Every structure is written in C-alpha cells, then in structure tokens.
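Peer 1: What follows is the file data-v1.tsv, containing TSV, C-alpha atoms and all ligand atoms:
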```tsv
chain	number	residue	atom	x	y	z
A	1	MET	CA	-33.29	36.76	-20.22
A	2	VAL	CA	-30.89	36.56	-17.21
A	3	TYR	CA	-28.15	34.00	-16.44
A	4	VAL	CA	-26.21	33.64	-13.14
A	5	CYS	CA	-22.90	31.73	-13.16
A	6	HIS	CA	-23.32	30.64	-9.50
A	7	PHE	CA	-20.47	28.09	-9.81
A	8	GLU	CA	-18.96	26.43	-6.63
A	9	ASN	CA	-17.11	29.78	-5.95
A	10	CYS	CA	-18.40	32.23	-8.65
A	11	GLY	CA	-21.69	34.18	-8.72
A	12	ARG	CA	-21.64	36.34	-11.90
A	13	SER	CA	-24.95	37.64	-13.36
A	14	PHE	CA	-25.45	38.24	-17.13
A	15	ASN	CA	-28.25	39.49	-19.45
A	16	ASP	CA	-27.42	37.29	-22.52
A	17	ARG	CA	-26.13	33.73	-23.18
A	18	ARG	CA	-23.06	35.15	-25.03
A	19	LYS	CA	-21.73	36.68	-21.74
A	20	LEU	CA	-22.03	33.23	-20.09
A	21	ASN	CA	-20.60	31.39	-23.13
A	22	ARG	CA	-17.55	33.72	-22.75
A	23	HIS	CA	-17.46	33.67	-18.92
A	24	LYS	CA	-17.32	29.80	-19.15
A	25	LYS	CA	-13.61	30.21	-20.19
A	26	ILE	CA	-12.88	31.35	-16.55
A	27	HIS	CA	-14.09	27.80	-15.59
A	28	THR	CA	-12.28	25.93	-18.50
A	29	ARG	CA	-9.24	23.59	-18.16
A	101	ZN	ZN	-19.06	31.73	-12.77
```
As a first step, turn the structure in this file into structure tokens.
Peer 2:
Amino acid sequence: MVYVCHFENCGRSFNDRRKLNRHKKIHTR
C-alpha cells in the first residue's frame, strides 16, 4: 500500500515497493 523511507535523515513516502527498492540506492554504499 504505502511505504515511508523515514531513515535517520530521510522521510520519503511511496505508493509501491518498487519506488522504495529504487530509493534504497540513495542509502547504499
Ligand atoms: Zn529514505
């Protein structure tokens, strides 16, 4: 349904897992 990348500085809301599974790159390496 909805997914909120409320990381230790982020806060991005998304309406599918694919948007989060691609946003995760902004928190990779
Ligand atoms: Zn995030």
Peer 1: With only C-alpha atoms and all ligand atoms counted, collect every polymer residue having an atom within 6 Å of ligand ZN 101 (chain A); state the result as a list in words.
Peer 2: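 Listing the residues within 6 Å of ligand ZN 101 (chain A) gives residues 5, 6, 7, 10, 11 and 12 of chain A.
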Peer 1: Write out as a VMD selection string which residues come within 9 Å of residue 1 (chain A) when counting all atoms listed in the file, dropping same-chain ones fewer than 6 positions away.
Peer 2: chain A and resid 14 to 17
Peer 1: For residue 13 (chain A), find every residue with an atom within 8 Å (counting only C-alpha atoms), except residues of its own chain fewer than 5 positions away, and show them as a list in words.
Peer 2: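 Contacts, with the query itself left out: residues 2, 3, 4 and 5 of chain A.
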Peer 1: If the box runs along x, y and z of the file and leaves 4 Å on each side of region 3-12 of chain A, what are its centre and edge lengths in Å, one decimal, as AutoDock Vina command-line options?
Peer 2:
```
--center_x -22.6 --center_y 31.4 --center_z -11.2 --size_x 19.0 --size_y 17.9 --size_z 18.5
```
